[PDB]
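Presented as structure tokens, the chain that follows is alone, the form deposited in one PDB entry.
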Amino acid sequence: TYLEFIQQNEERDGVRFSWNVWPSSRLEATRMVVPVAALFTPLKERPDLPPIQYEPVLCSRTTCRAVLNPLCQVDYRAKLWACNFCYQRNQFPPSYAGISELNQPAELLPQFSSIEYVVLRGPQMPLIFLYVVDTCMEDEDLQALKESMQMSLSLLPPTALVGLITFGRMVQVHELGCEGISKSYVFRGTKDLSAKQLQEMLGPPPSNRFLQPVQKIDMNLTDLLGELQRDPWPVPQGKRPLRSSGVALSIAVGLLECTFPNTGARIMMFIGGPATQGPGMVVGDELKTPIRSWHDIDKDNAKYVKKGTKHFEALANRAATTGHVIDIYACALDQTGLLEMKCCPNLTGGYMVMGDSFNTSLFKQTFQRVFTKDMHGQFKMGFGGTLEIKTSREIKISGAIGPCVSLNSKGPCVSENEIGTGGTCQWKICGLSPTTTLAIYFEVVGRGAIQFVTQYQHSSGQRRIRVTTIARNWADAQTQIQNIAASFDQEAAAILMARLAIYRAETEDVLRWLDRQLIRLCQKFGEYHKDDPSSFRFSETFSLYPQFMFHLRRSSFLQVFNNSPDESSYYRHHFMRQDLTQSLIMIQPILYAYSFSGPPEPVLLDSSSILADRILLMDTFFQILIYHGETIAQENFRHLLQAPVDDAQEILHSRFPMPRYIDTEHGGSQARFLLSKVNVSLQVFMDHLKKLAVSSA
């Protein structure tokens, strides 16, 4: 079963291809409507795979150097194996001398196609956490932020290093635990500083005066964090506080750059408002002028966007080149400037959290999900990931889309047509989780092979290598398009095409390209008589693709207006990282119905699903909404009123960015969210699509 094949391959190898049967000819590779693309999750969790504590056993060829995988032909008599990528025949290492047929290594069994190795050679480096704290916020917001940071300090490993940087008008780099004086280095938030300059101005396991181990400093830091008061500078009437977010981040990046380069570090920046001073400014200090909106940026009424975006773009590349992660936790009623700072968490593996106030259950719970541990009490986060992809000689890599940076490595697996962060066989991911999903786009130029090698730093300090080797059948020449049409993953291809549309919208019409490919897909894989719209049908393999495209082109990912620029950057941020299942929920929110006439059942996202005697539970990935009809808007009536609430609580935990909860009913103001995601309309959208699919190609 093709569905069982797709399900089992995602659970084992953490990947979902747009096509599971690839074009065996050049004539069909060029004419592919949806490109051969993979939805790859390098750190997907699974039923307790045995960690391999020996060396990976690579191929003995300079260019190839692939990892031993089940696709390799072995010869247990002569103690030799043949590399499946370059046909090179290799000798087994001495630790494999006692190899036998009735006792073979793990990496050769097809069950262990995806597998993780441990490299224990060098002394493990400790984790590094740098707190970058804004102090221009209300007391109740700053006190809650302080309590949240003190709790995160109690979850850190004893070996980890910590630093503290607070800012407002000035920038303070705190020297931790310096006896009874508590000192800090003050810097102007007016001019930017390079790492070298910062190094000259500032100065067994390693530790600086500014980055000390948790087990020896946790008591002084929790007292410092407890005494952190708001920025002492007065804020005059009608003015915004002077906030130097651009310089504070450039000092945090500059600090770690000259102390611990090329090692796992997390710059967690907490923002209570926009940057009003320095490089990286978003808006002026006059309250008379509002923060820029989409209407302001289209009519060229935002003098700080491009100059501010470029500043944080350089900081993003500086930290990504060094190998550090940049987190941004923004909470304010006004906008914050995420549109200008988005490249710091996007290029690295940084998280992006957006709320209304640090003094809410929304931020507090979300912030402690960051430090969620697994079955061994270790953070579900990796550092300094290096993704290298080995392909068959017939495959070339167009590029990747998602949280990663190109290492600019050249080879015969690099394609001329580059897509996204492309033109390379290697990518750096400074931060990855069990969720981080890259979108790899391939191009053909049985059985074709693709190997994913991911080297990252575990939260324990161990260096791990995650090898995943997949194989898909080459098309039969006497049944080319027929087998290709049956191996189509309509869900994965929809998200892989959504990945392309958003990457072009965020780096600029996009909807015109999204329609020409939907019409092209209807003509090549659909059934229809020419000039007869009523004859158009779609296989069960393709039938849901037009609906996934109707919701994608109307979602907030491409219709940026009616949202703030910081909200459009936040929505696109999480979509470019999530796996398949969560990405489908973003584009097409799930909707359950609750009534006396039957148990809860999923219903369509149409206006007809909104009944008066029924309770709805719409699950947008970003918000969970419970809607009550006009009749229910008043023990049996208790089971109905709390059935969606109970189902809400369960999914209101596992999700890392805790979605905003909304309890509304008919006539309520908050019912607007349900009415805009629901429902020109799909009926008209399909009829217009059929008229173009049955007529000219």
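By rigid core we mean the largest C-alpha set that fits within 1.5 Å across both forms. Counting begins at 1, following the sequence as shown.
Checklist entry - residue 241: absent from a third or more of the other PDB entries compared? => result No: coordinates for residue 241 present in every compared entry.
Item to check | Unresolved residue 261 in a third or more of other entries flanked by modelled residues | outcome: That residue is present in all of the other compared entries.
Item to check | Size class of the missing deposited segment between residue 24 and residue 25 | outcome: Going from residue 24 to residue 25, the model skips no residues of the deposited sequence.
Item to check | Gap size, residue 446 back to residue 445 (deposited sequence, no coordinates) | outcome: According to the record, 10 or more deposited residues lack coordinates from residue 445 to residue 446.
Item to check | Stretch with the higher entry mean CA B-factor, where the candidates are 113 to 121 and 474 to 482 | outcome: Between 474 to 482 and 113 to 121, it is 474 to 482 that shows the higher mean C-alpha B-factor.
Checklist entry - Is the mean CA B factor in the deposited entry higher across 141 to 149 or across 516 to 524? => result Mean C-alpha B-factor is greater for 516 to 524.
Checklist entry - Looking at 217, 381, 178, 352, which has the highest CA B-factor as recorded? => result The listed residue with the largest C-alpha B-factor is 178.
Checklist entry - Of the choices 68, 37, 633, 43, which one's C-alpha carries the largest B-factor in the record? => result 633 has the highest C-alpha B-factor of those listed.
Checklist entry - C-alpha B factor of residue 328, ranked within the chain: lowest, middle or highest third? => result Answer is lowest: the recorded C-alpha B-factor places it there.
Checklist entry - According to the PDB entry, is the CA B factor of residue 618 in the bottom, middle or top third of its chain, that is, lowest, middle or highest? => result Its C-alpha B-factor belongs to the middle third of this chain's values.
Next on the checklist: Test of reading the entry: by CA B factor among the chain's modelled residues, which third contains residue 273?
Outcome noted: Lowest third of the chain for residue 273's C-alpha B-factor.
Item to check | Ranked against its chain, the third holding the CA B-factor of residue 189 | outcome: As the PDB entry reports it, the C-alpha B-factor of residue 189 lands in the middle third of its chain.
Item to check | Cα B factor band for residue 15 (lowest, middle or highest third within the chain) | outcome: Residue 15: CA B-factor falls in the lowest third of its chain.
The same protein also exists as the form deposited in another entry; that form is not shown, yet it is the one meant from here on.
Item to check | Sole residue of 101, 300, 227, 540 shifting 2 angstroms or more in CA between this form and the one not shown, core aligned | outcome: Only 101 moves by 2 Å or more at its C-alpha.
Item to check | Large Cα move at residue 42 between this form and the one not shown, threshold 2 Å, rigid core | outcome: After core superposition, the displacement of the residue 42 C-alpha between this form and the one not shown stays below 2 Å, so no.
Checklist entry - Rigid core fitted, then: does residue 629 show a CA shift of 2 angstroms or greater between this form and the one not shown? => result Yes, shifts by 2 Å or more.
Checklist entry - So with the core overlaid, does the Cα of residue 51 end up 2 Å or more away between this form and the one not shown? => result No; residue 51 is a residue whose C-alpha shifts by less than 2 Å between this form and the one not shown when the cores are overlaid.
Item to check | CA-CA separation of residue 670 and residue 556, closer or farther in the other form than in the form shown [shift of 3 angstroms or more] | outcome: The answer is farther, because the C-alphas of residue 556 and residue 670 separate from each other in the other form by 3 Å or more.
Checklist entry - Where do residue 666 and residue 556 end up in the other form, Cα atoms closer or farther than shown, with a change of 3 Å or more? => result Farther apart in the other form, by 3 Å or more.
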